[PDB]
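Undergrad: Have a look at the structure that comes next, please.
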Amino acid sequence: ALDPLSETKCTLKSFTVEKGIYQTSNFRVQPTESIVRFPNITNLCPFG
Amino acid sequence: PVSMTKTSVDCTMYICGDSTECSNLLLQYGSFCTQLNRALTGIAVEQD
């Protein structure tokens, strides 16, 4: 994980990396916050 | 016909909807998906 060259070297499983474009890993945007929702309702308990 | 839609499907995002444990079970099967991705990459660059 040192640098983009090094991800290539690990994915190729070779120390020498020849000319070209190499896919190594997959970019991802990690979920930052969280939201949970449920509808408001007017059905208040008449217990009071 | 000359070309087809160049599509690539990710290992984990397709197989497991961002579950690390499900990913771990998928990694038990070894190099299936990374060879799958490599074959589809071979197709993609091949089409170009």
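Undergrad: So, in region A:4-48, of the ones that are within 14 Å of chain B (Cβ to nearest Cβ) and among the hydrophobic types (A, V, I, L, M, F, W, C), which residue ends up nearest to B:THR34 (Cα to Cα)?
TA: Applying the filter and picking the extreme gives A:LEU12.
Undergrad: Going through region A:1-37 one residue at a time, which ones are surrounded by 10 or more Cβ atoms within 10 Å (Cβ to Cβ) and in a loop (DSSP other than H, G, I, E, B)?
TA: A:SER14, A:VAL17, A:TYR22, A:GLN23, A:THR24, A:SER25, A:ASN26, A:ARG28
Undergrad: How do the pairs read when you match residues in region A:19-46 that are free of Cβ contacts under 8 Å to residues at least 40 places away in the same chain with residues anywhere that are part of a loop (DSSP other than H, G, I, E, B), using Cβ under 6 Å and keeping only pairs 6 or more apart or on different chains?
TA: Taking only residues 6 or more apart or on different chains, the pairs are A:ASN26/B:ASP10.
Undergrad: Inside chain B, counting only helices (runs of 4 or more DSSP H) that do not spill past its ends, which hold 1 or more residues that are under 18 Å from A:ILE21 (Cα atoms), free of Cβ contacts under 8 Å to residues at least 40 places away in the same chain and within 12 Å of chain A (Cβ to nearest Cβ)?
TA: B:32-47
Neighbour counts are summed over all protein chains in view; Cβ atoms, including those assigned to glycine, are modelled from backbone coordinates with ideal geometry. None of the figures in this text is laboratory data; all of them are computed from the coordinates on show.
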